[PDB]
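**Q**
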Amino acid sequence: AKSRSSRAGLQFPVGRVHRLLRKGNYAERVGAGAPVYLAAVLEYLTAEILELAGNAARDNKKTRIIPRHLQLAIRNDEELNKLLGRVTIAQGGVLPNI
Amino acid sequence: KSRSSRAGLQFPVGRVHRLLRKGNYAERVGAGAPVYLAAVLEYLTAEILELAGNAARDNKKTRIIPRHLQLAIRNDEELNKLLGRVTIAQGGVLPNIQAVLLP
Amino acid sequence: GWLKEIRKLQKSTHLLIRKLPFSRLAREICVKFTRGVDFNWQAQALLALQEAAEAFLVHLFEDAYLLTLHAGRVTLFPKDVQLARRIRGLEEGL
Amino acid sequence: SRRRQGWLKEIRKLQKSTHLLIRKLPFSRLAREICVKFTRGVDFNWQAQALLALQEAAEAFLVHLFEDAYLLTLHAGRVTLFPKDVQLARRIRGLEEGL
Amino acid sequence: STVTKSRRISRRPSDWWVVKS
Amino acid sequence: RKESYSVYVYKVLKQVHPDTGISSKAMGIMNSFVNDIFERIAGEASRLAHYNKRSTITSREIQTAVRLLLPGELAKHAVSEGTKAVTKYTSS
Amino acid sequence: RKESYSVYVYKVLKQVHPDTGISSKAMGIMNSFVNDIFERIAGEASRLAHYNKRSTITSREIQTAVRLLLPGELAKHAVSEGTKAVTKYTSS
Amino acid sequence: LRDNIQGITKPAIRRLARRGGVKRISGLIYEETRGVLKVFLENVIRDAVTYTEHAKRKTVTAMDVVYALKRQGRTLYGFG
Amino acid sequence: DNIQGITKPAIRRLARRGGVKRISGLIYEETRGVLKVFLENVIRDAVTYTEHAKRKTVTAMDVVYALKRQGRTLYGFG
DNA sequence: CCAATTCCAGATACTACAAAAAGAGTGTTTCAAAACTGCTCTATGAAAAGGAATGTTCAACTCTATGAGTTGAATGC
DNA sequence: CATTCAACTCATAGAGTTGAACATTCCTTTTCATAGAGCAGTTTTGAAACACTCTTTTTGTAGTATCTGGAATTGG
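Residue numbers (the authors' numbering), protein chains in the order written: chain C, 14 to 111; chain G, 15 to 117; chain E, 46 to 139; chain A, 41 to 139; chain a, 515 to 535; chain D, 33 to 124; chain V, 33 to 124; chain F, 22 to 101; chain B, -62 to 15.
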């Protein structure tokens, strides 16, 4: 009668993350606040990437995001480039470097 | 009547079985998986110990020290590729000097 | 001439190697490993393999040209690629 | 003639031993200073084995980095090491192995 | 360059960064 | 029947950009990113719980794993977001 | 009250070299090596079992993980030893 | 040409080098590039075929390639 | 000035064990900075591991785990 | 080179629906707080010797401009 | 695939820079005792937190019908 993701004031699903934690054989028990914490972190990272992707798309007179915009947004950020250091984006290209 | 003796091994089978059961790997464990794992572990240990003993004997010694383990590991391409990101304490380096520097 | 070519290629995002030669080479290498049996291939698998290979090659060329500029030249040599593979350390350069 | 090549015998002797090269007290002082700079105001204790392991790891890292930097130096056509060699070695090793 | 108890040839890591024909 | 994170990504996109769309390959890339980060954090929390002889995974393990895995400012803001979310969820 | 592999390593050493001893640091290094290899193989077998939607770890998963992890000749000889031990164990 | 390794032509290698930022290339680069690509493909294809024949299938799937690349330390996001 | 405790002869010994023949004067400060960055990263990870548990003493296993989490394995202190 | 027109592939919008997750209750288990014991980290003292620090010097190292020999990017078919 | 010539690489020598080698000294690290006590390790237990089960609703998840951003071509 009331979603847990709305209880936490989020958009990502909480019950799905809880089930995926329970069925991933990570430990024999799972707490109650761990899925909320994980969903909040995931939503924050998603929004952080999507904002820069939308900015990169707007700076090219486009109204739809393509993998090139995601590549630009990820490689033009310091901490995001540090986090995704061993990841390859398909159809993303490279950054213009002389 | 031991399982290790039944499989003709020196490494323990019950201990590996218990470690697999209490390691958070899967809900069920078979019967030949611990035997297979113990056999592989014993084979690797025997290879390393033989190479280290040969190194110590050629070095005119009687006891194996970490230096001999380093010399044995770094002189075998497959063992070197397996332990590529491992550091051995008090092991030192191999005596490698560039030929351009030496006259 | 070369400058416009580099500036245009660094802006596009399409694959640079043809599909049929890559498919033939991958199929022969795959049949070399098995016991003579012929395996089927999906199109997405070959596409992913080509994407990964091309990304790897472009990054290796970037590193090799860094080494070339350090050596005091402007032309790329095979020893630059070899030294880049050696410095990458047995897991990334191979 | 004072000494033709003492560096040769020095390297040959150093590549055969397996003992630590940095003193223990300055290393401990530096490690404690960094650790107290990380924590807010608390002063943490340190086991001896922890400091020994840290020193071993640091010295191994430095020796390997020096090997790679001298490879780059020899590629550049020189016999003297420069800081640019260390910088380029870190850059080519990447974000993790190059810090 | 060395044959252990089992007949596995233990070779020295000569070279791996050069392309061989 | 398959499962993905498309609806939630579209929701947060409409939240951050009201007049911008997205392709299908970009959505697949976002799904892969979410799955990768999930796996990383969950594995780190599991091994953390194993090190200290515990049989439960709590928000403390998640916070420690986030502090260990993300760089500085990202980790600070993610810790703040998670703490705020848990505090809002508890008072209900 | 601690566990190690000292007695088994000593038995293997006596089988290989009957007139050779070993220090304590080398024994600690050997214990570390055994634990590392165990962890690697078990994790790879778990991942393999999860990919194909199975809830059991059998000798086939161990064999495939050994083939995936070790280089060529080491993998061949390890598979030989493993199947030999299995067929000797099931015939009793 | 007739050999399958010769199907990777000089224009394609030149385009890859130009995308990488290279300005001037030598003649001996193409064979080295072919050899490096061959080693890369051999490793990835061996791992993928192992993953494929672990299951009782005869068709190579994109997920096998993704798993091989991931276990070798190279994550791919597009074909997940 | 604890960073100055790492003297010039010690850096010389490290470079000689690494195989270096000649060293320039500007290298000691660079080496000090690199060592400082390495120590900062490892000590941050180890202190996080230590304070996750309710302890106030850094142990060897904390350092081992901190090194392992960065792609470096140590065998002697297991 | 940029601007305008038109076309169509590829988006968005729109519904049935079935299965997954809250609601509620019941049984299990586990981890923090308290008391006790021990243990090794730290701060101190007395010698001492050898290794770091200063200073000087000179043969060894690098930088740079230049001529001789090689080649690969552009072009047409 | 055939030419080519302007754009490269390579070897050499002179001007300037500098790091290894060495005498001396004294200061700083190392070694042999020495507790004090702050902090870590061991044992109980119980109240709160987590797992297990049946029901019903609601939400993602495919299928179906419309709408439009983006690519191409031609002309100025």
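Each residue gets a CB set at the ideal place from its N, CA and C atoms; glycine is no exception.
At which residues does the alpha helix (DSSP H) containing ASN64/F begin and terminate?
**A** 50 to 75 is the span of the alpha helix (DSSP H), which, as asked, contains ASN64/F.
**Q** Using the Cβ count rule (16 or more neighbours within 10 Å means buried), how would you classify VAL98/V?
**A** By the 10 Å Cβ count, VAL98/V comes out buried.
**Q** What ranges does the alpha helix (DSSP H) occupy inside the stretch 39 to 98 of chain D, keeping only unbroken runs of at least 4 residues that lie completely in it?
**A** Complete alpha helix (DSSP H) runs here, min 4: 56 to 83.
**Q** Enumerate, from N- to C-terminal direction, the unbroken alpha helix (DSSP H) stretches of 4 or more residues contained entirely within the stretch 47 to 117 of chain A.
**A** Segments of the alpha helix (DSSP H) lying fully in the stretch 47 to 117 of chain A: 64 to 78 and 88 to 115.
**Q** Secondary structure at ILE29/F, three-state DSSP: helix, strand or coil?
**A** In the structure shown, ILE29/F sits in coil (DSSP, three-state: anything other than H, G, I, E or B).
**Q** Between which two residues does the alpha helix (DSSP H) containing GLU61/G stretch?
**A** Element bounds for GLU61/G: 47 to 72.
**Q** Give a yes or no on whether the minimum CB-CB distance between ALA76/F and chain E is below 8 Å.
**A** Taking Cβ atoms only, chain E never reaches closer than 8 Å to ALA76/F, which makes this a no.
**Q** Cβ closer than 7 Å: which chain F residues qualify as neighbours of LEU54/E?
**A** The contacting residues are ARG36, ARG39 and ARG40.
**Q** Spell out whether any CB of chain a is found under 8 Å from the CB atom of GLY134/E.
**A** Cβ-Cβ to chain a under 8 Å: no for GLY134/E.
**Q** Hey, would you say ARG525/a sits closer than 8 Å to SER515/a, going by beta carbons?
**A** In this structure, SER515/a lies closer than 8 Å to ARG525/a by Cβ.
**Q** Measure from the C-beta of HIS49/V to each C-beta in chain a and report whether the shortest distance is under 8 Å.
**A** Judged by the 8 Å Cβ criterion, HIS49/V is not in contact with chain a.
**Q** Take the Cβ of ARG88/G as the centre, count every other Cβ of all protein chains shown within 10 Å, and call the residue buried at 16 or more, exposed below.
**A** Buried, since its Cβ has 16 or more Cβ neighbours within 10 Å.
**Q** Can you tell which of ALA(-53)/B, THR(-4)/B and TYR12/B has its C-alpha closest to the C-alpha of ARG(-31)/B?
**A** For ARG(-31)/B, the nearest C-alpha among the options comes from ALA(-53)/B.
**Q** Mind checking whether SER55/D and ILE78/C have CB atoms under 8 Å apart?
**A** In contact: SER55/D and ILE78/C (Cβ atoms closer than 8 Å).
**Q** Quick one, which residues of the stretch 52 to 73 of chain C are near chain D if we go by CB-CB under 7 Å, in chain order?
**A** The stretch 52 to 73 of chain C vs chain D, Cβ under 7 Å: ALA53, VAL54, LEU55, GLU56, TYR57, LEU58, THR59, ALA60, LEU63, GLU64, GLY67 and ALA70.
**Q** Would you report the Cα separation of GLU96/E and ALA88/E, rounded to the nearest angstrom?
**A** Taking the straight line from one Cα to the other gives about 12 Å.
**Q** 8 Å is my cut-off, CB to CB: does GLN127/E come that close to chain a?
**A** Yes - at least one Cβ of chain a is within 8 Å of the one on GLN127/E.
**Q** Taking the alpha-carbon positions, what's the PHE122/E to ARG72/A distance?
**A** Rounded to whole angstroms, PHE122/E to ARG72/A spans 48 Å at the Cα level.
**Q** Whose Cβ in chain F lies nearer than 8 Å to the Cβ of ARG99/V?
**A** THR71, listed in chain order.
**Q** For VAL66/D, which residues from the same chain have a beta carbon less than 7 Å from its beta carbon, with the 5 sequence-adjacent residues on both sides left out?
**A** Cβ neighbours of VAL66/D beyond the five flanking positions: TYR37.
**Q** Let me confirm a value: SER91/V is counted as buried when at least 16 other C-beta atoms fall within 10 Å, else exposed. Which label applies?
**A** So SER91/V counts as buried.
**Q** Would you tell me roughly how many angstroms separate the C-alpha atoms of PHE84/E and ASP72/C, rounded to the nearest one?
**A** If I take the Cα positions, the gap works out to 46 Å.
**Q** Alpha carbon to alpha carbon, what distance is there between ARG17/G and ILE132/A?
**A** Their Cα atoms are separated by approximately 51 Å.
**Q** Looking at chain E, is there any beta carbon in it that lies within less than 8 Å of the beta carbon of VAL532/a?
**A** Interface residue, yes.
**Q** Which chain A residues are close to residue 20/B, counting only those with a beta carbon under 8 Å from its beta carbon?
**A** Residue 20/B falls outside the range modelled here, since chain B spans only -62 to 15, and no answer is possible.
**Q** Please classify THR73/F as buried or exposed, where buried requires at least 16 neighbouring CB atoms within 10 angstroms.
**A** Per the 10 Å Cβ criterion, buried.
**Q** Can you list, in chain order, the residues of its chain whose CB lies under 6 Å from that of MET59/V, leaving out five sequence neighbours each side?
**A** These residues qualify, in order along the chain: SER38.
**Q** Within 10 angstroms of the Cβ of residue 118/G, are there 16 or more other Cβ atoms? Answer buried if so, exposed if not.
**A** Since the first residue of chain G shown is 15 and the last is 117, residue 118/G is not available in this structure.
**Q** For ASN84/D, go through chain B and note every residue whose CB falls closer than 9 Å to its CB, in chain order.
**A** The contacting residues are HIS(-11) and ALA(-10).
**Q** For chain C, is any of its Cβ atoms less than 8 Å away from the one on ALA97/E?
**A** Yes, contact with chain C.
**Q** Quick one: give me the first and last residue of the alpha helix (DSSP H) that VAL1/B is part of.
**A** From DSSP, the alpha helix (DSSP H) with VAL1/B extends over -3 to 5.
**Q** Tell me which residue opens and which closes the alpha helix (DSSP H) that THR119/V is part of.
**A** That run of the alpha helix (DSSP H) goes 104 to 121.
**Q** Mind pulling the chain A residues with CB within less than 7 Å of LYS(-42)/B?
**A** Correct list: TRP47 and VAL119.
**Q** The alpha helix (DSSP H) with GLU91/G in it runs from where to where?
**A** Note, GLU91/G: alpha helix (DSSP H), 91 to 96.
**Q** Say whether chain C places a C-beta atom closer than 8 Å to the C-beta of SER68/E.
**A** It does not: the Cβ of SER68/E has no partner Cβ on chain C nearer than 8 Å.
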